[PDB]
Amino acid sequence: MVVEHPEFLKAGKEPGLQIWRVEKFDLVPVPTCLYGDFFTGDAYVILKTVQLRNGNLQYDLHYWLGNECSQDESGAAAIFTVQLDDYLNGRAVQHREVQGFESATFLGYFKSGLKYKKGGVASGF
């Protein structure tokens, strides 16, 4: 192991919410303005980093799968989630989030209410 992926270097360094979209077998950062709006045809990876009182950080990793994402995308998102967890010393809690069946915890991350939109990127296969 020992990923060198630029996005990995940025992942989990300060409290907050980081959202990536799987695009052609790659982890691509989502513009922060667009957080909470998910394409039903895509798969995303979400990292919630929370300040612990002890000074270290708490991580929850969610891989979110839209109703129409392709198998390469859901597969990639699941794998990306294992790697990011590993990268973060195993400290992350991993969560599978399916469109329409997301955990209350994940839903709570979006102030303005989470939103679904039709479409997304093409399968990298």
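From 1 onward, residues are counted along the sequence shown.
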On average, which has the higher Cα B-factor in the deposited entry, 82-90 or 52-60?
52-60
Between the two ranges 35-43 and 67-75, the one averaging a larger CA B factor in the entry:
35-43
Ranked C-alpha temperature factor of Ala11 among modelled chain residues, by third
middle
Which third, lowest, middle or highest, does the C-alpha temperature factor of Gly119 belong to within its own chain?
middle
Should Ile19 be placed in the lowest, middle or highest third of its chain by the C-alpha B factor in the entry?
highest
